[PDB]
Structures are given as structure tokens and as C-alpha cells.
């Protein structure tokens, strides 16, 4: 199995959202992941694993799971706190058979505290820590940024960081430990720059009125003649200048870039410029310069974009595209993911594991 985590053994207790995503990325980087599900997937996310079946509520399944866990470097579970405990698969039980295990617990609210037994989803976790409130236009209610911020950015990615950091600690202690990755916590650290900025006057709690939330005319999308969009990210003065040039606007005729009192006027002039031609026209004008202007591609258009083609950011699968592994490693590169295959018998994995 190619990639830097070749040799790592992972047991994933089947769930939804951040747990399978973390398992996926360990698999993409070369780990040997075995997912235990209840008694061929069409779900590209279940790439790079073996799937086995056991009833964990039964003496036989629990015993088979414990044998797998005994041989594993990492366990991923994403149930409510207390669930693995009552199944016989809690950290203290696993430590009995394997004190080198990294026991990685992926929740929204965390292992403890007043909400920790309450159901939730991404939207809920980013609602409680200020994030959701900060997303969207000022004249509308907050819009969810899909489940990119709680489940993945602040969820699976922090579980991964915790797993891989604990493996580093294990090299000198000779032991594992439990990683408590809560989406409410990871997402907060993900947005740490905004928490920094609020202490210095560089971020307000006022929605849709900041440098990076669409409040700034030079950091936003604009609708083009064809009803399609471009994105403008020209924060630096020189990038801003290149953008005005591409639009054919004379800077002398415009308000200063950071005259906030005249931002409505600047936005209006930029709106009128972009509206005067179709997205593809601006994509060509701005293809090479430092103007920080890009066409806003829909998913179905991405695979035709030159920078996307040349770097092989995606590969074909199941009639559609899936992203290749990231990040990229110069010496122990990952390969193209292996599709979800047929279930295997669990005793065969146990056999293979030495």
C-alpha cells in the first residue's frame, strides 16, 4: 500500500461524517484500514478500506472486534460518549488487550459536559461557537457552509492531527492514549485567526461587514453577463491594481480601495464592470495576472479546468470524479484510491494481520 502511512493499522467502527472521512484520509496515505460494520459500496468515501461485519452486541462479535483491536495501531469511533463503554469496547477495555492503541473519539460536543449526550449535526456545533453566525450576507439569516467547517475542517482533520500526534508521542512513551476530538473545539481552533483579529479591531461580530465574509468589494463574488460568477480576492494593493486594469477601470475615477465609507460605490462600479461580460470572458482576461480573479466553476465543470487537469487533482470513478489524495509526498507518494470492494470475512483479516 503506497504512501507515508504504509504499515499503520486502523480499525474503524462504522459511522457517518467525520469518522469515515478521517479513516479515508489514513487509507489514502497508505494505512491499512479495516472498517467494522453491522451485518459493494457505491460510496466513494469508503475508498481505501476493507469492510468486515460483526454484531458488537454479541459475545462472538465483541471477541472478534477485540482481537482486531489487539493488532491495531488506531481505533476510530464516532458514537455518543458511553456507547463503546457499554459494548465492552471502551478505552479501559481496549487498553487491557493493547496499551499501544490510539483510541480516537470523534464527537461534536466532546466526551463530557452538559450537551455531550445530545444529538446534533455540523450546523449545531458551529452554531454554539460563533462560526455559523459569521457566515453569510448581513441582510439574511446565517447560511450553513455545508458541513465543511464542523464535520471536516474542525472535525475529521483534528481527529487526524490527534491520531498522528499521538503516534509521535507513542514512539518515546511506548503507549497510546485517548484522543477527544470534538467538532465544537476543532472548529474553534480552525477559526482562530478570527478570534485573533477580534482582539485587534480587525474583525467585527457584525455579519457580512468584514474583510473575508463578503463585506469588502475586493473580496467577494460578482455576477457576470451570463448569470455565472467570478471570485475577486484582490486584497493586496498591487493585486487590486491588476484587477482594475483587467476591468479597464481607471483608478483615478474610483474611490480609494479602503475607503469603507465609499464601499457601496466601489461595489457598484465593480458590479457594473463584471456584469458587462460573461464569466468565461473574465476568466480569460484574468487567466495569468496577479489580479486574484477566478471563474466560479460548478462541480461539473472542474475537471475541464487546465490547472486541475495538469495537477491531477481528481480521478474518474463511478461515472464521476473524486479528489486524489492530499497532501502530496515527494518520496512515499500515494496511489490512486482503491474502490470500495466486497466485504471480507473477519477471520481472514485476523490471519493476514501476522
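Residue numbers count along the first chain shown, from 1.
J.: Note how many residues of the deposited chain are left out of the model between residue 306 and residue 307; the options are none, 1 to 3, 4 to 9, and 10 or more.
T.: The entry leaves nothing out here.
J.: I need to verify one thing: averaged over C-alpha atoms only, is the B-factor higher for 58 to 66 or for 324 to 332?
T.: Higher of the two, by average CA B-factor, is 58 to 66.
J.: Which is higher on average in the deposited entry, the C-alpha temperature factors of 121 to 129 or of 258 to 266?
T.: According to the PDB entry, the answer is 258 to 266.
J.: Take the CA temperature factors straight from the PDB entry and tell me which of 287, 292, 302, 52 peaks.
T.: If I rank 287, 292, 302, 52 by C-alpha B-factor, first place goes to 52.
J.: Out of 95, 245, 273, 211, which shows the largest CA B-factor listed in the entry?
T.: Answer for 95, 245, 273, 211: 95, with the highest C-alpha B-factor.
J.: Pull the Cα B-factor of residue 103 out of the PDB entry and bin it into the chain's lowest, middle or highest third.
T.: For residue 103, whose C-alpha B-factor we compare with every modelled residue in the chain, the answer is the middle third.
J.: Which third, lowest, middle or highest, does the CA B-factor of residue 228 fall in along this chain?
T.: Tercile = lowest for this residue's CA B-factor.
J.: Could you place residue 36 in the lowest, middle or highest third of its chain by Cα temperature factor, using the values in the record?
T.: Ranked within chain, residue 36 CA B lands in the highest tercile.
J.: Please rank the C-alpha B-factors of the chain's modelled residues and tell me whether residue 318 sits in the lowest, middle or highest third.
T.: According to the entry, residue 318 has a C-alpha B-factor in the chain's highest third.
J.: Please place residue 116 in the lowest, middle or highest third of its chain according to the CA B-factor in the PDB entry.
T.: Ranked within chain, residue 116 CA B lands in the middle tercile.
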